[PDB]
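*Asks:* experimental coordinates follow, after the sequence.
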Amino acid sequence: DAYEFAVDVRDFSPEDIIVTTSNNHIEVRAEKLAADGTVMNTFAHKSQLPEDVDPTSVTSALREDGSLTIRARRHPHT
């Protein structure tokens, strides 16, 4: 089984969407610029992964409905 959550990136461009991970957190972040290029819109979704989720297995899939799907596999205890 894997661990996944969704992010709302509907009004942003793929270039500005960024996924930053580390030992126990994932950080999705985007920002939409105007014609000139001034930031008119930005957010930052910073998650706190469980201890069994491997942060190096994080795949990301943008879909046509404007939702970003973060996905990481977990090695549960046995």
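*Replies:* Received, thanks. Numbers count the residues shown, from 1 in each chain.
*Asks:* name the SS class of the residue nearest in space to the middle of the chain, please.
*Replies:* Centroid-nearest residue in the chain: residue 28, 3.5 Å away (criterion: C-alpha atoms, centre = their mean). With DSSP: H, G, I helix; E, B strand; the rest coil as the basis, residue 28 sits in strand.
*Asks:* next, the contact list for it, please.
*Replies:* 7, 9, 17, 18, 19, 20, 44, 45, 46, 47, 68, 70 (C-beta atoms under 8 Å, 6 or more residues apart in numbering). In this view, the C-beta of every residue, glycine as well, is placed from N, C-alpha and C.
*Asks:* gap between it and residue 36?
*Replies:* According to C-beta to C-beta, to the nearest Å, residue 28 and residue 36 sit 26 Å apart.
*Asks:* all strands of the protein, in order?
*Replies:* Using DSSP state E, the strands of the chain run over residues 2-8, 18-21, 25-33, 39-48, 59-62, 67-73.
*Asks:* each with direction, which strands does the fifth one pair with?
*Replies:* Spelled out, that is strand 59-62. strand 67-73 (antiparallel) (DSSP bridges).
*Asks:* likewise the third one?
*Replies:* Each strand that pairs with strand 25-33, with its direction, by DSSP bridges: strand 18-21 (antiparallel), strand 39-48 (antiparallel).
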